[PDB]
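Step one of this worksheet: look at the structure below.
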Amino acid sequence: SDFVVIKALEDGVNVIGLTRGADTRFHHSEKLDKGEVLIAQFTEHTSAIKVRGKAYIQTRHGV
Amino acid sequence: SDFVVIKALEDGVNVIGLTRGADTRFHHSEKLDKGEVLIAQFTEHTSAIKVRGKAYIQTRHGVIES
Amino acid sequence: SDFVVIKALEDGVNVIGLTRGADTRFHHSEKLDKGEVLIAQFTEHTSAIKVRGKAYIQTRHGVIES
Amino acid sequence: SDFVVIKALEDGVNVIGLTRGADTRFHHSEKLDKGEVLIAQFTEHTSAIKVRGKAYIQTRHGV
Amino acid sequence: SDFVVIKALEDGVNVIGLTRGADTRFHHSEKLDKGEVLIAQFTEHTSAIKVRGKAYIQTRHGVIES
Amino acid sequence: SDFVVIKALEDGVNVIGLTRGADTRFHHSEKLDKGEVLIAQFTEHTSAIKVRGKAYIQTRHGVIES
Amino acid sequence: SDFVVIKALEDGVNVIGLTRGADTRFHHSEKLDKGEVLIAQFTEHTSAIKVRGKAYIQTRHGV
Amino acid sequence: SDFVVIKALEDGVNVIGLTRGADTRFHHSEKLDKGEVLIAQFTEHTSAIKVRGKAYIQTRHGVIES
Amino acid sequence: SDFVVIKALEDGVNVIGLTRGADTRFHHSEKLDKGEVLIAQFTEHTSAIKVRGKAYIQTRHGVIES
Amino acid sequence: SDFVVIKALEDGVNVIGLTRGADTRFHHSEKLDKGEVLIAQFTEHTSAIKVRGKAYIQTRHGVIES
Amino acid sequence: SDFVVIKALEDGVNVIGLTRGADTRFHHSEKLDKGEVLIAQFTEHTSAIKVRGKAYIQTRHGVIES
Amino acid sequence: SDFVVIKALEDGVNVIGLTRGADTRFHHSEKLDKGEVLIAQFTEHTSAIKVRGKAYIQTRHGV
Ligand SMILES: N[C@@H](Cc1c[nH]c2ccccc12)C(=O)O
Ligand SMILES: N[C@@H](Cc1c[nH]c2ccccc12)C(=O)O
Ligand SMILES: N[C@@H](Cc1c[nH]c2ccccc12)C(=O)O
Ligand SMILES: N[C@@H](Cc1c[nH]c2ccccc12)C(=O)O
Ligand SMILES: N[C@@H](Cc1c[nH]c2ccccc12)C(=O)O
Ligand SMILES: N[C@@H](Cc1c[nH]c2ccccc12)C(=O)O
Ligand SMILES: N[C@@H](Cc1c[nH]c2ccccc12)C(=O)O
Ligand SMILES: N[C@@H](Cc1c[nH]c2ccccc12)C(=O)O
Ligand SMILES: N[C@@H](Cc1c[nH]c2ccccc12)C(=O)O
Ligand SMILES: N[C@@H](Cc1c[nH]c2ccccc12)C(=O)O
Ligand SMILES: N[C@@H](Cc1c[nH]c2ccccc12)C(=O)O
Ligand SMILES: N[C@@H](Cc1c[nH]c2ccccc12)C(=O)O
């Protein structure tokens, strides 16, 4: 499945997973400190991801 | 599944999901402040996405930057 | 599924979904004001999409702008 | 499924859908005024499309 | 499904569908006047297409222009 | 399915379908006069196609003209 | 399915289909006169094709 | 399945697997000392991977180093 | 299915099919005189092909010419 | 299935398989002396691979050489 | 299925099939004299192929000659 | 299925097949003398291959 790479460029970057389904709420926010990397898939439970905070982001489409 | 990347270029950007099915209504609006990024799929419940406000948008087709 | 990207180049653009099946009528018209973007799939209910008004459009086939 | 993009270059362009099946008749003609765009798929009901009137047309094969 | 694009370069162009199956007969002829375009699929009922008259033809294989 | 494009370069070209199966005979010959085009698939009933007469032919493998 | 294009460069070119199965015999030979073209698939009944006589031949691999 | 390559550029790098499903918690942290490499898949149990510490990382999307 | 093209560069070329299965024996030898061409598939009954004599051979991997 | 190539650039290289499933433990360590090569798949039992020691590593993503 | 092309560069080359399954033994050795070619698949019965003697070999991975 | 090409550059190269499953042991070692080539697949029984001895090796990833 499709996935996103997020590298935090400041402390306190929040990678926010939004619920798949008729309803949309955040079910999880993963905090990254500067330099940390999250590689996160879309899944049965997560159909949108929001990134709040300065970050270098890669997807299938580019940076 | 296909997905869209939206980066807000100003405060107050709204990304709106439109319901899949015979009927079409807004089911969710996600607000983005300047520099926030939303990576959103098309899904069982969302078959169209509307973006209001200055934004950099990427899909499989390429890029559109306000 | 195949999808279309529509960016309105003026106020009051309309993106219209036409019904899939033996019958063909408009089932929804989404209005876009200048700079607003709609990313819209073909679906179980929508098998043709009509754009009225000055728009920049992207599909798998390329770009069409004015 | 395969689809066609039609941009009308004059008023009154007719995008004509022909019935899939043993019989061939038009079941729908969608009129486009100048500058309007139709993006239309081939479907269970439509296996040929005729465009009458000046138009810029894109398919999988080109313009 | 595979499809052919035919643009008439003169009046009186005919695009003819030949029946799929053990037997081969013309089942439909669509007339095109100069500049009209037909985009036609191969289908359950059509396994060959004949074009008579001056025409620009595109398939997956490339182009043939009268 | 695989298909062949045949453009007649003279009058009286024949495009012949040979039967699929343990037996092989001609089941149809389509005549093409100069400039006429046939786009013909391989099918449940046709597993070889013979072209007689000066023709420009395109397949997935390329072009063959004279 | 895979197919071969044979263009005869002399009269009397024979395109020979060999039987698919435990046994190998020719079941059909299609004669081509000079300039004639056969486009022939591999099939349930034909798993090898022999061409006897001067011919220009195209397959998936080239000429 | 998709996989990530992580090379530690300092001692004490941690590669953390986050649980797949409605709940999200860390289920494993693998420590890597300088020069050590982990090649890790996404799996039935792991749907996000977090890297803490200076690392060179490769995925299908490219490289990310520091 | 994968296939091999063999063109004989001299008289007396033999193309030999080896049986698919636990046992391996020659089940057929086709003779080619100079300039004759055999296009042969791998099949339910043939899992290896041996060519003896000067020949030009093409497969998916490329060409070998004696 | 995806696989990794590891060539040891010094003696004492260890390639360690980590168990697939809810739990993560080392299930095997293969030692490589200088110049030995291991080509290892991801499998029903192995969903992550750890390499300790100076090594040249190749995956689908590219190469990492100590 | 994957296949290998072997051209003998000297007399007495042997192409050996090793058995697929829990056990591994030689089930067939095909002798090739200089210039002879074997095109051999991997199969239900053969999961490794050994070549002894000076040979030019082609696989999906490229060429190996001497 | 994926496969490896091994060409021995010395006598006594050992191409070692490791068992697929929860347990990892070698089930077979195929010896190659200098110049001999083994082309070996991954299989139901073999999920890792170790090559001991100087060898030129090709896989899907390169040499
Ligand atoms: N348990 C979550 C983990 C996750 C994956 N991608 C994410 C993106 C953001 C937040 C959490 C996640 C899930 O399987 O969906
Ligand atoms: N709950 C929504 C989440 C979502 C995905 N893509 C979106 C685009 C816009 C708004 C919401 C969404 C869904 O699964 O469909
Ligand atoms: N409810 C509509 C939403 C939609 C998708 N694409 C469209 C194009 C135009 C208008 C509406 C739509 C549907 O699922 O079909
Ligand atoms: N109801 C029609 C809509 C349509 C799709 N493509 C068309 C082309 C021309 C005219 C109408 C159409 C159908 O589903 O087939
Ligand atoms: N009713 C015809 C329509 C058609 C498709 N392709 C054609 C080509 C020529 C003539 C008619 C057609 C069919 O479904 O087969
Ligand atoms: N009825 C024929 C039509 C046909 C297709 N390809 C052909 C080539 C030659 C002659 C006839 C045909 C069929 O379905 O097979
Ligand atoms: N009836 C034969 C026709 C054929 C196809 N390819 C051929 C090649 C050579 C000779 C005959 C054929 C078959 O279906 O197999
Ligand atoms: N009857 C043989 C025909 C054949 C195909 N490929 C071959 C190669 C060599 C010799 C014979 C053949 C078979 O189906 O297998
Ligand atoms: N037992 C874990 C192993 C694993 C794979 N990828 C990981 C990434 C991080 C931590 C552990 C892992 C699993 O199968 O999911
Ligand atoms: N009967 C053997 C034939 C074979 C195919 N590839 C080989 C390689 C070497 C030796 C024999 C073979 C089989 O089907 O497996
Ligand atoms: N019988 C073994 C043969 C084999 C294939 N690849 C190997 C690699 C190394 C050693 C033996 C093998 C198997 O099918 O798995
Ligand atoms: N028995 C192990 C063999 C293995 C494959 N890849 C590995 C990587 C590291 C260690 C062991 C392995 C398995 O099938 O999973």
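Per chain, numbering begins at 1; letters A, B, ... match sequence-line order. Note that these values count all heavy atoms, side chains included, but never hydrogens, waters or copies made by symmetry.
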Legend entry - Results of side-chain hydrogen bond (donor to acceptor under 3.5 Å, both in side chains) for A:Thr46 - residues two or more places apart only: A:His27
Inset, instruction - Under the salt bridge (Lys or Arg N to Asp or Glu O under 4.0 Å) rule, collect the residues that match up with L:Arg52, sequence neighbours excluded. - result: J:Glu36
Inset, instruction - Find out whether L:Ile49 and J:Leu38 are in side-chain contact, i.e. whether some heavy atom of one side chain is under 4.5 Å from a heavy atom of the other. - result: no
Legend entry - Results of ring-ring contact (aromatic ring centres under 6.0 Å, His included) for A:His61 - residues two or more places apart only: B:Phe3
Legend entry - Point-to-point distance, once rounded to the nearest 0.5 Å, from CZ of L:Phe42 to OG1 of J:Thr43: 11.0 Å
Inset, instruction - Mind jotting down which residue pairs meet the side chain to side chain donor-acceptor pair (under 3.5 Å) criterion with at least one end in residues 55-66 of chain J? Sequence neighbours excluded, please. - result: J:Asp2-J:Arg60, J:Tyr56-J:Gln58
Legend entry - I:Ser29: partners by side-chain hydrogen bond (donor to acceptor under 3.5 Å, both in side chains), with sequence neighbours left out: none
Inset, instruction - Would you name the heavy atoms of J:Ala48 and H:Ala40 that are closest together and state the gap between them? - result: CB-CA, 4.1 Å
Legend entry - J:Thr19 side chain reached by J:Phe26 side chain, heavy atoms, under 4.5 Å: no
Legend entry - Partners passing salt bridge (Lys or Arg N to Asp or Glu O under 4.0 Å) against H:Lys50 (at least two apart in sequence or in another chain): A:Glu30
Inset, instruction - Output all residues satisfying side-chain contact (heavy atoms from CB on, under 4.5 Å) with L:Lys54, sequence neighbours left out; order by chain, then residue number. - result: L:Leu9, L:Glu10
Inset, instruction - Could you tell me whether the side chain of K:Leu32 reaches within less than 4.5 Å of the side chain of K:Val15, counting heavy atoms only? - result: yes
Legend entry - Non-neighbouring partners of I:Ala55 that pass side-chain contact (heavy atoms from CB on, under 4.5 Å), sequence neighbours left out: I:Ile6, I:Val13, I:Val51, I:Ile57
Inset, instruction - Kindly indicate whether the side chain of I:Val37, heavy atoms from C-beta on, has any atom under 4.5 Å from the side chain of I:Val5. - result: yes
Inset, instruction - Using the test side-chain contact (heavy atoms from CB on, under 4.5 Å), find all partners of I:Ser1 that sit at least two apart in sequence or belong to another chain. - result: I:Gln41
Legend entry - Test salt bridge (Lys or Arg N to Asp or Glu O under 4.0 Å) applied to K:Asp33 - qualifying residues, sequence neighbours left out: none
Inset, instruction - May I have all residue pairs that pass salt bridge (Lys or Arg N to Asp or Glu O under 4.0 Å) and include part of residues 39-48 of chain J, sequence neighbours excluded? - result: none
Legend entry - CG on H:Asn14 to NE2 on H:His28, rounded to 0.5 Å: 10.0 Å
Inset, instruction - Using salt bridge (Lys or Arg N to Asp or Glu O under 4.0 Å) as the criterion, list what pairs up with K:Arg25, not counting sequence neighbours. - result: K:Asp23
